[PDB]
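Here is how the chains run, residue by residue.
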Amino acid sequence: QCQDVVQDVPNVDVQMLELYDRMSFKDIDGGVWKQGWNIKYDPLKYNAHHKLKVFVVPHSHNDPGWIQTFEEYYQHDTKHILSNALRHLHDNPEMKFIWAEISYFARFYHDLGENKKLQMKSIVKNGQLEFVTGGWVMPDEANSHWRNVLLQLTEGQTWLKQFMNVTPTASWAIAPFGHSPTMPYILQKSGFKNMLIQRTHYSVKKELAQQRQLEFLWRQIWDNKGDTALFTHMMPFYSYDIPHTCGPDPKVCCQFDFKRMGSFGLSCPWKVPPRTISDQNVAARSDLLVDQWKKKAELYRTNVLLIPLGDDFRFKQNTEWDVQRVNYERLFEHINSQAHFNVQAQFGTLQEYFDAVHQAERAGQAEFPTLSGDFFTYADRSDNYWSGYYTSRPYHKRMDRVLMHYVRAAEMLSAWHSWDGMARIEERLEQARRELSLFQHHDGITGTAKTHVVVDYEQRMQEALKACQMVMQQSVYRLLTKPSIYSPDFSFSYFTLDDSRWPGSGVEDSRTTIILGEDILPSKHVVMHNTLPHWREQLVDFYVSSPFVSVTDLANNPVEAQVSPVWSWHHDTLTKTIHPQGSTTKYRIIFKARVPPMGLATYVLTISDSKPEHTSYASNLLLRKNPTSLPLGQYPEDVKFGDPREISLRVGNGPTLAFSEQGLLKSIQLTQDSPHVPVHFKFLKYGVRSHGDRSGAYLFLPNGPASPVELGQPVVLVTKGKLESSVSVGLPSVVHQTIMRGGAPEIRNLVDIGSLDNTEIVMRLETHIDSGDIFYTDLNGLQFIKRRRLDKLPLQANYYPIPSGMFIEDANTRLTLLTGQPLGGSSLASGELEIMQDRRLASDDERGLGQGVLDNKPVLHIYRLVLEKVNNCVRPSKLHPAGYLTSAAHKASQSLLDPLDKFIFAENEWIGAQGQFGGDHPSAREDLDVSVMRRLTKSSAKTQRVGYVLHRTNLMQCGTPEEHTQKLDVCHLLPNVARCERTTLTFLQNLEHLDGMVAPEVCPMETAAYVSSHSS
Ligand SMILES: [Zn+2]
């Protein structure tokens, strides 16, 4: 019986939106705890019968790229940290250490000799070395898509299970810049029992600490019953470094970072150095330290205290291991033997801490509050809100989403078969998963790494895209060739991928033209793949070398097509205008492909000597003063010219869109009769402050509200076709395109911020929707959370991640903007939405990156814009912290994130070609997705296993009967099923053996994983 995620407002002790509405956020000087208060404790709280149990947990934060690349850090730091951890833990049985980043650990362990592997396995098995989280990385939580958070978690944990025989159940996330409830969502469905977070707004830490609500059961915002809850520990202070982890006074705690005495090149900024512990000072030093611990303990409810002991790339040299270990051992020996402290302190691991906390809870010592909400937008001090990284390096943010889809499609397409090892399918998929997983790091997708590190991530992702293409095209060839003809060369490219939106028109000329001609090749097969588990139609386009091309399906049924020119925009450095040029030798052909669920469909493009019966030609109108001619080769319609003017377009029976004379949307009319609803796109710019703190890769510190971009008299290109029309305009730094295909328009911005230093370009929508101070943004592509604009916070605090969409609404009307890339955005006034396109910042923002953001490159951002009437929708009540998409907005998001894949057959003739794959696949209800399909076994396994992650979203009920679909049972998608299990989302633990080998569908907002096993 599925929980209702709409109509029941959960009762939680802390609801972060409500807390935000009540909190004052005053930034007062709290004393040595600058953002807190002077903590007081009663010395008599702890006594012989009630001691404070202190776990000092050594750690080393290892960034998989940040100011050096992964490999540079591995060579210069991490391999030494791990080698010396292995030696020192081996030699010191009571010493402990936690490790989070499995990308580094796997890199290290595979290079170890067998003797050392065995030693390493032993210190893990005996609990000295403990993995925390066990993902490939410690991912960003703002920009990352939940699918990639799960991918990287699975990549690390699958490695750990295979090589270390452990599966962490405690998560450690000390570094991401703000925290998302998507993490406890995924972790709780992946076996976890506990998680730790750190980077939350200093005001939130103060507020929760005052109420001893820093440990809480974190449930999802829609979860009325609480089954999603995951115990969460929030660290209370400003950093995870040693000065901010022993207690509230960093001037004292820094004295207990024994790497800071000088020979290591480190010191304490509070000007009191550590001193080596001796018999003559250990009582005074213990008094100071235990006092810090007892103050920290006042912020929490049990008598078990967590004291992290670590910092970035710590525990590298042997002398550092010694200096920390020996000094802490001297303190523990003293403290634990002095009854008056009533403390027992020891090195521990994270799991040991949580185990002891829950023993205290079970003993009735504490009850923990429940919490829902998120922890964005983080500020670590004053007005320094970390909303810049929601946009920084947007090229790679978009690339993340492209690769996300490519990985899913490559894993799904190749899962249908078992492949010989010679095919290198598993090799290529592992590479692709690992490079995408690496980029989920909190300096990867966030855009907060040095320029050469961003290049390394991009190069890795490019190799991952090539790997996905290889696997996908080999799979299509196999799936659509008569078996007794199939004759693969696993190194050959049978197909090339054609992607219209990455890197994108104006970004890279990467797309192959299908070259047809009477004297070379009459026709070409193309194949579309649909990774979604429902039948799908989508227009697809290809470049062709003639306008006289017609399309057939493989029953030779004509398919209606539209040919349009190939337009490319040029920054004309002679005329100082931005204007489009059309090709005279290549053309776009567009047609509707209809593709089975999780399936493939083949079409044929054929040249003819003149206009074919079922192909139409778009008209083109270039609006500008001072036009010049625009020849288009054989294209049969001459370009028309006019002065700038307002224009209106309608494709099919879809909305009618009206545009200003600058080529920007001004209104949407949903139907013939209905009103022209004002919806106005505008581009604006934010600058940087000339006094005080400067924006950089992390921080957004605008110098006031944005100023409109001066547009001049831009050139507007209108293409009008039966299947697709568009309005494109060359604005300064953005070629802005509105594309209409009969439903909600697609927006594409080719953003080139050029050399505009200290500028952030924002795209705003202005409407007269009476949204007030409310808007909705998504978290990791998984859920939409209610936001409230707070004028008591500065502008940048009202920016939130827009990882896949945002909307505003009133009682009657909603405007949703779906994105194909994570970007930052807000609603800074009633009726507005805005989303940042790019930012170019000359200054460093003091968070360690040591550079601004001056490596911009053109990026094609894509969106869908859905205006809808919502007065008939069953929406959550006014107090509910969630919102939900409509069917149309969800499909529009899927059209961006998981479009059809397009394959062009590379050779002249495809012998044995088949017309379709997957026609018998069930077409599941529109809210269900097969987020992952992954064969889990190599071909030598007698029992093959295939893993599926199913995700059901929740779409609002708005009165559309919309029904009859088939049940999707993933366990029967492959034949000869012998067992069906429900598993954790990482596939690593079987949770239920399923009757009848039937994988039941999941409830709204739930995600489940199943593994089918097959005997043949
Ligand atoms: Zn980090």
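Throughout, residue numbers begin from 1 within each chain and advance along the sequence as written. They need not agree with those in the entry, and any residue without coordinates is left out. Excluded from the side-chain calculation are hydrogens and water; included are all heavy atoms of the structure.

You'll find the protein chain entered in the PDB entry as Alpha-mannosidase 2, with Drosophila melanogaster given as the organism. A UniProt comment under Pathway is attached to the protein chain, and it reads "Protein modification; protein glycosylation." UniProt positions are given in the numbering used here, feature names are shortened, and annotations may be inferred rather than shown by experiment.

Engineer: Explanation requested: the pattern of salt bridges in the structure shown.
Structural biologist: In a structure, side chains of opposite charge can pair up when their charged atoms sit close to one another. Salt bridge criterion: a side-chain nitrogen from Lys or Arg within 4 Å of a carboxyl oxygen from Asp or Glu. Summed over the entire model, instances satisfying the criterion amount to 64 salt bridges. In this structure, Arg 979 engages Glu 981 in a salt bridge whose closest nitrogen and oxygen atoms are separated by 2.7 Å. Bridged by salt links that share partners, the residues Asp 498, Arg 501, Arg 511, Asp 541, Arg 588, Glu 724, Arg 741, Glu 746, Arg 748 and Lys 902 form one connected network.

Engineer: Help me out: how do you make sense of the sheet that holds strand β20 (residues 561-572) in this one?
Structural biologist: Backbone-to-backbone hydrogen bonds pair the strands of a sheet. The strands run either parallel or antiparallel. Two strands qualify as a pair provided that DSSP identifies no fewer than 2 bridges between them. A helix here means a DSSP run of H or I that spans at least four residues, while a strand means a run of E at least two residues long, and both kinds are numbered starting from the N terminus. Ordered by their spatial adjacency, five strands build an open sheet running β15-β17-β21-β20-β23, and the pairing between neighbours is mixed. Because the sheet does not close on itself, it has two edges, and the strands there are β15 (513-514) and β23 (615-617). Bridge count for β15 against strand β17 (residues 536-544) is two bridges, and the pairing is parallel. Each bridged residue has a counterpart across the sheet, and for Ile 514 the counterpart in β17 is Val 544.

Engineer: Would you mind showing me how to read the state of the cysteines here?
Structural biologist: In protein chemistry, a disulfide is the covalent bond that joins the sulfur atoms of two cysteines. Counting rule for disulfides: a pair of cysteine sulfur atoms within 2.5 Å. All told, the structure shown has five disulfides when counted by the stated rule. Here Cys 2 engages in a disulfide with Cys 1003; their sulfurs sit 2.1 Å apart. The sign of the -75 degrees torsion about the S-S bond sets the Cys 2-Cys 1003 disulfide as left-handed. You can see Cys 2 sitting in the segment before β1 (14-15) and its partner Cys 1003 sitting in the loop between β50 (990-993) and β51 (1007-1014), a full 1001 residues away along the chain. Buried residues are those whose accessible area, probed at 1.4 Å on protein chains only, stays under 20% of the maximum for their type, while exposed residues exceed 50% and partly exposed ones sit between those limits. We classify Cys 1003 as partly exposed; its relative accessible area is 22%. Here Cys 873 connects covalently by a disulfide to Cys 958, the sulfurs 2.1 Å from one another. Measuring handedness by torsion sign, the sulfur bridge of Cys 873 and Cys 958 sits at about 105 degrees and is right-handed. Of this pair, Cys 873 sits in the loop between β43 (859-869) and β44 (882-883) while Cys 958 is found in the loop between β48 (944-952) and β49 (977-983), placing the two residues 85 residues apart along the sequence. For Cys 873, a relative accessible area of 9% translates into the label buried.

Engineer: It is not clear to me how the domain arrangement of the protein chain should be interpreted in this structure. Could you clarify?
Structural biologist: The figure often quoted for interface size is the accessible area lost as the parts come together. Note that the domain bounds were set by an automatic or database domain assignment. The assigned domain composition of the protein chain is domain 1 (1-382), domain 2 (383-493), domain 3 (494-618 + 899-920), domain 4 (619-898) and domain 5 (921-1016). What makes two residues a contact is simply this: any of their non-hydrogen atoms within 4.5 Å. The interface of domain 2 with domain 5 comprises 11 residues on the first partner and 13 residues on the second. Taken together, both faces of the contact between domain 2 and domain 5 bury some 1,100 Å²; the carbon and sulfur share is 53%. Buried area counts how much accessible surface, traced with a 1.4 Å probe, disappears from two parts once they are put together, with both parts' losses summed. Summed over the three residues of domain 2 that lose the most area to domain 5, namely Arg 408, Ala 415 and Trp 416, the buried surface amounts to 49% of that side. Summed over the shared surface of domain 2 and domain 5, the result is two salt bridges. The salt bridge partner of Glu 411 is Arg 934, with a shortest N-O separation of 2.8 Å. N or O atoms within 3.5 Å of each other form a polar contact, as long as, within protein, one can give a hydrogen and the other can take it, and as long as residues adjacent in sequence are counted only when both atoms are side-chain atoms. Here domain 2 and domain 5 share seven residue pairs in polar contact between them. Of all elements in the fold, only α12 (394-415) and α13 (425-439) reach the threshold of two or more residues within the side of domain 2 that touches domain 5. Considering every element that reaches the side of domain 2 that touches domain 5, the biggest residue donor is α12, with four residues. Its residues assigned to classes, the side of domain 2 that touches domain 5 shows four nonpolar, two polar and five charged. Classification convention: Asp, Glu, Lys, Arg as charged; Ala, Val, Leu, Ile, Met, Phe, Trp, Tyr, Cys, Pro as nonpolar; all other residues, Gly among them, as polar.

Engineer: Would you mind showing me how to read helix α7 (residues 202-210) here?
Structural biologist: Within α7, eight of the nine residues are buried, leaving the element largely enclosed by the surrounding structure. Taken as a whole, α7 has its buried residues at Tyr 202, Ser 203, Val 204, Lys 205, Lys 206, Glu 207, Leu 208 and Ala 209. For α7, the secondary structure elements touched by its buried residues are β1, α1 (16-22), β8 (230-234) and β12 (379-381). Just past α7, the residue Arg 212 takes up positive phi, approximately 45 degrees.

Engineer: Quick question: what am I supposed to make of the packing of helix α2 (residues 70-91) against helix α10 (residues 318-337) here?
Structural biologist: Two quantities define a packed helix pair, namely the angle between the axes and the distance from one axis to the other. Their axes nearest at 9 Å, the elements α2 and α10 cross at an angle of 50 degrees. The pairing of α2 with α10 is recorded here as oblique in orientation. As for the relative orientation of α2 and α10, their crossing is right-handed in sense. Across from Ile 81, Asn 84, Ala 85, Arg 87, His 88 and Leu 89 in α2, the residues of α10 making contact are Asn 318, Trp 321 and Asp 322. Lines are fitted to the C-alpha atoms to define the axes, a helix being fitted only along its stretch in contact, and any angle between axes, read from their N-to-C directions, falls within 0 to 180 degrees. Relative orientations are named as follows: roughly parallel for angles under 35 degrees, roughly antiparallel for angles over 145 degrees, roughly perpendicular for angles from 65 to 115 degrees, and oblique for any other angle. Each crossing is labelled by how the near helix is turned from the far one, with a counterclockwise turn of less than a right angle marking it left-handed and a clockwise turn marking it right-handed.

Engineer: Could you clarify how one ought to interpret the sheet that holds β50 in this entry?
Structural biologist: One open sheet accounts for five strands, arranged β47-β48-β51-β49-β50; its pairing is antiparallel. Of all strands in the sheet, those with a lone pairing partner are β47 (928-935) and β50, marking the two edges. Going from strand to strand, the sheet's axes swing by 30 degrees on average, the running direction of each strand aside. The pairing of β49 with β51 spans six bridges and is classified as antiparallel. Directly across from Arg 979, in β51, lies its bridge partner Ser 1013.

Engineer: Explain the nonpolar core to me, please; I cannot follow it from the model alone.
Structural biologist: Generally speaking, nonpolar side chains in soluble globular proteins are found buried as a group. Residues belong to a common nonpolar core when they are buried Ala, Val, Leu, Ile, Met, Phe, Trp, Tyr or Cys residues joined through side-chain atoms within 4.5 Å. Counting 242 residues, the largest nonpolar core has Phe 105 and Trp 293 as the members making the most contacts within it. The greatest single-element share of this core, amounting to 13 residues, is contributed by helix α14 (residues 451-479). If we ignore the near neighbours within four places in the chain, the residues touching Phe 105 are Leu 82, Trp 99, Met 120, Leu 129, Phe 131, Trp 159 and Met 164. Core analysis: the next-biggest nonpolar cluster, separate from the first, contains 50 residues, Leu 516, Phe 548, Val 595 and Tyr 603 among them.

Engineer: Quick question: what am I supposed to make of the side chain of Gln 15 here?
Structural biologist: In this structure, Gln 15 sits in strand β1. Among the polar contacts listed, one links the side chain of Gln 15 to the side chain of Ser 372, at a separation of 2.9 Å. Discounting residues that sit within four places of it in the chain, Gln 15 has contacts with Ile 221, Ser 372, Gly 373 and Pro 881.

Engineer: Help me out: how do you make sense of the coordination of the zinc ion in this one?
Structural biologist: Each donor-metal-donor angle in an ideal tetrahedron of four donors is 109.5 degrees, and each such angle in an ideal octahedron of six donors is either 90 or 180 degrees. For Na, K and Ca the donor cutoff is 3.2 Å, while for all other metals N, O and S atoms count as donors only within 2.8 Å; water does not appear among the atoms, so some sites may look incomplete. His 61 (NE2), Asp 63 (OD) and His 442 (NE2) make up the full set of protein donors to the zinc ion, lying at 2.0 Å. Spacing between the donor residues of the zinc ion along the chain follows H-x1-D-x378-H. For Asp 63, a relative accessible area of 2% puts it in the buried group.

Engineer: Mind showing me how you'd approach the packing of aromatic side chains here?
Structural biologist: Centre distance and the angle of the planes are the two values used to describe a pair of aromatic rings. Between the rings of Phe, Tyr and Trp (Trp by its six-membered ring), a pair exists once the centres lie within 6.5 Å; its type follows the angle of the planes, with under 30 degrees stacked, over 60 edge-to-face, and the other angles tilted. On inspection of all chains with the given rule, the structure shows 57 aromatic pairs. Between the aromatic rings of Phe 105 and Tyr 109, the centroid separation amounts to 6.2 Å while the plane-to-plane angle is 20 degrees, which identifies the pairing as stacked. Within this pair, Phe 105 and its partner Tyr 109 are both found in helix α3 (residues 102-111), separated by four residues, close to a single helical turn. Centre to centre, the rings of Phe 258 and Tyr 328 are 5.6 Å apart; their planes meet at 90 degrees, and the pair counts as edge-to-face.

Engineer: Hey, could you run me through the pairing of strand β33 (residues 734-740) in this one?
Structural biologist: Sheet faces and side chains relate simply in a regular strand, where the side chains alternate between the two faces. Burial analysis of β33 places seven of its seven residues in the buried class, the great majority of the element. Burial of β33 is two-sided: the residues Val 734, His 736, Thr 738 and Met 740 facing one way and the residues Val 735, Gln 737 and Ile 739 facing the other way are all buried. Where strand β32 (residues 725-731) lies against β33, seven bridges are found, and the strand directions are antiparallel. Bridge pairing in β33 links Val 729 to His 736. Where β32 folds back on β33, the antiparallel hairpin that results is connected by two residues, among which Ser 733 adopts a positive phi of roughly 70 degrees. Of the strand pairs in this sheet, β33 and strand β34 (residues 746-751) are connected by six bridges, and their pairing is antiparallel. By the bridge assignment, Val 734 is partnered in β34 with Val 751. Linking β33 to β34, which pair antiparallel, is a turn of five residues; within it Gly 742 sits at a positive phi near 115 degrees.

Engineer: It is not clear to me how α2 should be interpreted in this structure. Could you clarify?
Structural biologist: Since one α-helical turn is 3.6 residues long, residues separated by three or four positions face the same way. At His 76, α2 is deflected by roughly 45 degrees, the largest bend along its length. Listed as buried for α2 are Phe 70, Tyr 73, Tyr 74, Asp 77, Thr 78, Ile 81, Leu 82, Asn 84, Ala 85, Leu 86, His 88 and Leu 89. Values of bend correspond, residue by residue, to the angle between axes fitted over the seven residues ending at that residue and the seven starting there.

Engineer: Would you mind going over the environment of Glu 411 with me for this structure?
Structural biologist: Mapped onto the elements of the fold, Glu 411 is located in helix α12. In the structure, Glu 411 is positioned 535 residues away from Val 946 in sequence and 11 Å away in space, judged by C-alpha atoms. Look past the residues within four positions of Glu 411 in its chain and what remains in contact with it is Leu 151, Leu 429, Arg 433, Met 933 and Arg 934.

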